[PDB]
Amino acid sequence: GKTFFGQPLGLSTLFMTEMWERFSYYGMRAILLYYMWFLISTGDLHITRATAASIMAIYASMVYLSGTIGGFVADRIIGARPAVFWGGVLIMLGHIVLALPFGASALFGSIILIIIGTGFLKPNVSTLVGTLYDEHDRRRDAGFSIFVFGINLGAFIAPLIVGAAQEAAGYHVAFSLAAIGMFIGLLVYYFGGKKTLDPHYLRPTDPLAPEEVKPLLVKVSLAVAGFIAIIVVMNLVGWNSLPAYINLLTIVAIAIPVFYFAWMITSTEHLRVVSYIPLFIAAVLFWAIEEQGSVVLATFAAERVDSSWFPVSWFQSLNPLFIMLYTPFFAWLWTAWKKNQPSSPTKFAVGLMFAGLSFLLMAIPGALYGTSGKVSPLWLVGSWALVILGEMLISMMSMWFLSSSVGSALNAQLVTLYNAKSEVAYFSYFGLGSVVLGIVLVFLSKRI
Ligand SMILES: CCCCCCC/C=C\CCCCCC(=O)OC[C@H](CO)O[C@@H](O)[C@H](O)COC(=O)CCCCC/C=C\CCCCCCC
Ligand SMILES: CCCCCCC/C=C/CCCCCC(=O)OC[C@@H](O)CO
Ligand SMILES: CCCCCCC/C=C\CCCCCC(=O)OC[C@@H](O)CO
Ligand SMILES: CCCCCCC/C=C\CCCCCC(=O)OC[C@@H](O)CO
Ligand SMILES: CCCCCCC/C=C\CCCCCC(=O)OC[C@@H](O)CO
Ligand SMILES: CCCCCCC/C=C\CCCCCC(=O)OC[C@@H](O)CO
Ligand SMILES: CCCCCCC/C=C\CCCCCC(=O)OC[C@@H](O)CO
Ligand SMILES: CCCCCCC/C=C\CCCCCC(=O)OC[C@@H](O)CO
Ligand SMILES: CCCCCCC/C=C\CCCCCC(=O)OC[C@@H](O)CO
Ligand SMILES: CCCCCCC/C=C\CCCCCC(=O)OC[C@@H](O)CO
Ligand SMILES: CCCCCCC/C=C\CCCCCC(=O)OC[C@@H](O)CO
Ligand SMILES: CCCCCCC/C=C\CCCCCC(=O)OC[C@@H](O)CO
Ligand SMILES: CCCCCCC/C=C\CCCCCC(=O)OC[C@@H](O)CO
Ligand SMILES: CCCCCCC/C=C\CCCCCC(=O)OC[C@@H](O)CO
Ligand SMILES: CCCCCCC/C=C\CCCCCC(=O)OC[C@@H](O)CO
Ligand SMILES: CCCCCCC/C=C\CCCCCC(=O)OC[C@@H](O)CO
Ligand SMILES: CCCCCCC/C=C\CCCCCC(=O)OC[C@@H](O)CO
Ligand SMILES: CCCCCCC/C=C\CCCCCC(=O)OC[C@@H](O)CO
Ligand SMILES: CCCCCCC/C=C\CCCCCC(=O)OC[C@@H](O)CO
């Protein structure tokens with residue numbers, strides 16, 4: 001019968017839903033840092049470029065953090081299908097905010113809308129893909145990999161199309177193209193979902209029982225009161241700058257996995273959960289390096305690369321390109337070697353080493369040529385080729401949304417250290433430190 005690459009026809013609707021949301025997201029993130037540079041250069045935005053880079057990292061940290069609870073809200077309160085739809089609306093509104101004739105005054109409102117919108121949509125589109133397959137269906141893994149190919153496809157074309165529109169027609173037009181991309185996703189999702197999506201997921205699948213509503217409200221109200229109380233105290237003692245608020249979000253993002261480790265401590269399982277700790281830190285450190293490609297590598301591309309004949313935002317397409325080119329090779333690898341199946345602690349060790357090698361490579365051109373001129377774009381290509389190879393090995397998602405959030409929160413502190421005089425030392429020591437910790441994991445692989 002008629003399938004979508006051997007999968008139920010409903011996969012195409014969700015395939016295109018996420019390709020276009022990822023289009024809006026990574027198109028925005030390819031030009032947002034340069035947009036803040038522009039607002040700084042005109043005097044509209046009164047922050048340093050280091051603070052602007054810090055914003056990008058903590059921006060990514062909250063998006064991943066908000067995705068840790070979007071599954072709860074859909075499953076228990078609103079439903080998986082309304083969560084994707086109203087999440088997509090909030091994402092679209094966030095990009096429309098940046099297309100309006102405003103300046104720095106619209107940055108926070110657009111960031112808030114997209115943080116919340118992506119939390120509703122991103123975990124619940126992945127959930128709805130599973131609802132196309134029963135527990136029995138072997139096609140579940142193949143359908144998810146086809147779904148991920150649409151993720152990288154949207155992430156690939158977005159910097160090319162959005163970045164070119166920025167250079168040709170300006171920032172406001174480019175940001176409006178991001179909003180249009182999400183709108184395209186909403187059209188296909190709404191009308192397409194109604195034709196092929198189970199109406200069971202228009203409602204929550206585990207709705208709150210009558211006695212569950214009150215303690216959930218108390219839990220939510222206590223967290224909001226405490227967080228607000230901290231901001232109140234911060235203003236009375238004088239810790240009230242933008243970096244101070246960024247530092248607050250950094251601490252909250254890192255304290256969540258630490259507190260969930262500190263008292264989650266049954267010798268049955270107490271040490272087989274201490275198991276997962278040397279690998280959660282390996283994932284945090286890999287994700288930090290990977291997410292600096294949109295920040296530090298975006299800075300290097302605009303400052304240290306002879307790229308005069310094409311938009312510098314296009315470098316952000318190298319990340320999802322290498323994911324697409326590596327994927328069929330590794331699918332072959334994980335089945336061609338039916339009896340190798342290297343252990344997950346070893347893959348995470350070697351994966352972190354490749355990420356460290358990606359930064360070690362970027363220390364060479366500055367050390368060899370100096371930091372005052374410009375070098376070939378192939379240095380950045382080699383860097384992304386090495387860090388994505390580390391991703392192919394590391395291949396509840398909220399926990400994986402979490403290590404992404406903490407690594408990005410760690411970036412909000414480190415990326416302020418990067419500049420022209422910092423370049424070689426920055427790349428050489430965060431790359432070496434990541435490689436040494438990857439070898440330390442080798443010594444402890446199944447010390448577990
Ligand atoms: C069948 C797949 C095999 C692919 C693995 C090989 C990696 C692919 C390409 C490596 C190309 C080597 C670099 C070429 C070179 O040396 O540059 C020559 C060029 C002459 O015009 O000049 C320079 O001007 C440049 O300025 C000098 O600087 C460097 O070349 C430093 C290069 C950085 C080190 C890279 C060395 C080896 C990479 C091997 C990675 C293999 C990893 C596979 C898992
Ligand atoms: C998606 C971004 C990847 C871009 C990869 C580009 C690979 C180019 C390699 C050659 C180095 C730059 C050569 C400069 C050049 O030839 O410009 C032509 C001439 O006008 C000099 O400016
Ligand atoms: C307008 C200012 C607020 C912006 C909204 C940002 C909300 C972001 C994050 C709140 C979620 C924090 C709780 C996440 C959490 O603890 O889950 C982790 C747990 O699921 C691990 O699996
Ligand atoms: C209108 C307000 C903005 C939109 C509301 C959604 C804001 C995001 C989260 C609100 C908290 C809901 C409860 C989430 C929660 O308890 O997470 C627990 C965690 O274990 C999830 O697995
Ligand atoms: C700024 C835009 C305002 C909102 C415009 C869109 C609201 C118009 C009609 C409400 C549609 C709600 C549909 C919610 C939903 O679950 O859709 C899921 C989709 O699969 C269709 O069932
Ligand atoms: C329980 C709540 C957890 C913490 C969630 C709070 C996250 C809310 C907002 C994060 C936005 C990051 C900072 C945005 C920003 O600095 O842009 C505004 C700035 O350009 C104005 O000068
Ligand atoms: C389909 C509904 C949501 C999709 C977005 C619809 C609106 C998108 C674009 C409309 C025009 C964008 C405004 C462009 C703009 O004003 O900037 C250019 C100009 O101000 C600078 O010279
Ligand atoms: C200044 C630019 C306009 C700003 C407002 C843009 C809102 C325009 C249209 C809202 C699109 C709603 C989501 C698209 C969709 O497919 O919804 C279908 C559903 O509402 C039909 O019942
Ligand atoms: C930051 C502002 C957030 C405002 C909205 C957050 C609300 C969070 C928790 C309240 C959940 C109460 C929902 C009750 C509900 O819908 O179920 C009712 C029914 O199932 C009980 O019999
Ligand atoms: C539940 C216990 C509450 C105790 C307080 C919890 C939060 C403690 C400190 C939050 C500090 C916010 C970030 C630190 C900060 O403001 O640094 C200021 C500095 O960057 C210049 O203003
Ligand atoms: C999440 C629960 C509701 C919290 C209500 C209060 C939220 C206030 C701030 C959240 C963190 C965002 C901080 C970014 C910011 O406001 O920068 C302002 C900047 O001008 C500093 O002067
Ligand atoms: C008993 C609980 C375990 C032991 C407590 C461990 C500390 C818990 C949370 C602290 C989070 C780490 C601090 C965040 C951080 O490293 O950045 C600091 C920076 O943002 C301040 O400028
Ligand atoms: C298989 C890897 C190929 C070689 C990778 C090892 C590269 C080691 C160092 C990068 C080239 C160093 C350039 C020379 C240098 O940095 O010294 C500069 C300094 O002595 C001048 O004051
Ligand atoms: C070949 C694949 C892996 C790529 C990494 C191989 C290169 C390893 C390390 C290169 C870093 C060399 C650092 C040289 C250096 O810092 O010199 C200091 C001085 O020249 C600049 O301040
Ligand atoms: C798996 C792939 C590993 C990649 C290995 C790392 C190779 C990275 C950079 C090689 C730099 C060579 C650049 C020299 C070049 O061809 O252009 C000349 C330059 O002057 C033009 O601007
Ligand atoms: C097991 C949980 C994983 C935790 C990973 C994060 C490691 C904990 C704390 C990292 C603190 C980084 C502080 C960065 C720093 O101080 O330097 C940058 C600073 O100069 C920016 O002003
Ligand atoms: C010598 C340390 C043990 C070797 C472990 C192998 C690690 C992988 C590649 C070699 C990295 C060399 C980094 C060189 C370095 O850190 O120099 C820093 C430079 O800024 C000072 O000149
Ligand atoms: C065990 C978990 C590791 C996670 C955090 C790893 C890095 C922590 C702190 C780094 C901040 C110290 C800054 C060291 C430094 O000087 O680097 C900057 C230098 O490369 C350029 O000037
Ligand atoms: C300056 C030297 C640069 C190259 C050094 C990197 C290679 C040297 C040693 C790597 C292997 C060290 C021993 C690791 C090992 O096999 O531990 C046993 C472990 O596999 C069992 O879990």
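When we count neighbours, we look across all protein chains shown, and the Cβ atoms used for this are built from the backbone with ideal geometry, even at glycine. FYI, it's all coordinate maths here, none of it is from the lab.
Key figures for this structure:
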quantity	calculated
Contacts under 9 angstrom Cβ, first residue in region 360-387 being within 27 Å of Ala283 (Cα to Cα), partner more than 16 Å from ligand 16 (Cβ to nearest atom) and among the basic types (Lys, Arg), 6 or more apart	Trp379/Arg304
Residue within region 227-246 that is among the aromatic types (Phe, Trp, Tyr), within 16 Å of ligand 9 (Cβ to nearest atom) and farther than 30 Å from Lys421 by Cβ present	yes
Residue list for region 430-446, filter: in contact with a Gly (Cβ under 9 Å, 6 or more places away or on another chain) and either farther than 18 Å from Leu414 by Cα or within 16 Å of ligand 9 (Cβ to nearest atom) (or both)	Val436, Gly438
Residue within region 104-119 that is out of contact with any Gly (no Cβ under 7 Å at 6 or more places or on another chain) and more than 16 Å from ligand 11 (Cβ to nearest atom) present	no
Filter result for the condition that a residue is of a type in the set (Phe, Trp, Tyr), surrounded by fewer than 22 Cβ atoms within 10 Å (Cβ to Cβ) and either under 22 Å from the mean Cα position of the chain (by Cα) or closer than 15 Å to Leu352 by Cα (or both), over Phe430, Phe443	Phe443
Residues that are β-branched (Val, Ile, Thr), within 12 Å of ligand 18 (Cβ to nearest atom) and more than 15 Å from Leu361 (Cβ to Cβ), drawn from region 412-448	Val415, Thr416, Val436, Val440
Looking only at region 234-286, and only at residues there that are among the small types (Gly, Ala, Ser) and assigned to a helix (DSSP H, G or I), the one that is farthest from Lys347 (Cα to Cα)	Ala244
From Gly71, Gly103, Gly67, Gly79, residue being over 17 Å from the mean Cα position of the chain (by Cα) and more than 17 Å from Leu186 (Cβ to Cβ)	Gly103
Among (1) under 18 Å from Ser428 (Cα atoms); (2) not in a helix (DSSP H, G or I), the one test that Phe310 misses	(1)
Tabulated pairs, region 71-82, first farther than 14 Å from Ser398 by Cα, second of a type in the set (D, E, K, R) and not in a helix (DSSP H, G or I), C-beta under 6 angstrom, 6+ apart or interchain	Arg76/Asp206; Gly79/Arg203
Residues within region 230-250 that are within 26 Å of the chain's Cα centre (by Cα) and exposed (fewer than 13 other Cβ atoms within 10 Å of the Cβ), tallied	1
Within region 377-448, helices (runs of 4 or more DSSP H) holding 2 or more residues that are over 28 Å from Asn247 (Cα atoms)	378-394, 423-443
Pair list, Cβ under 8 Å, 6 or more apart: region 213-231 residue assigned to a helix (DSSP H, G or I), other residue more than 16 Å from ligand 18 (Cβ to nearest atom)	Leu216/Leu208; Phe227/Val252; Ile230/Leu248; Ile231/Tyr245; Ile231/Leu248
Residue in region 196-211 that is among the acidic types (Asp, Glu) and within 16 Å of ligand 3 (Cβ to nearest atom) present	yes
Residue in region 197-205 that is outside any helix (DSSP H, G or I), in contact with a helix residue (DSSP H, G or I) (Cβ under 7 Å, 6 or more places away or on another chain) and charged (D, E, K, R) present	no
Residue in region 367-376 that is more than 16 Å from ligand 5 (Cβ to nearest atom), closer than 25 Å to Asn152 by Cα and not basic (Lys, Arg) present	no
Residue check, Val73 closer than 22 Å to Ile180 by Cα and among the β-branched types (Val, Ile, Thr)	no
Subset of region 300-315 that is of a type in the set (D, E, K, R) and more than 14 Å from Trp37 (Cβ to Cβ) - its residue that is nearest to the chain's Cα centre (by Cα)	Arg304
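Residues checked against (1) exposed (fewer than 11 other Cβ atoms within 10 Å of the Cβ); (2) not basic (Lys, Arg):
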position	(1), (2)
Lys194	no, no
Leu197	no, yes
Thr205	no, yes
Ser221	yes, yes
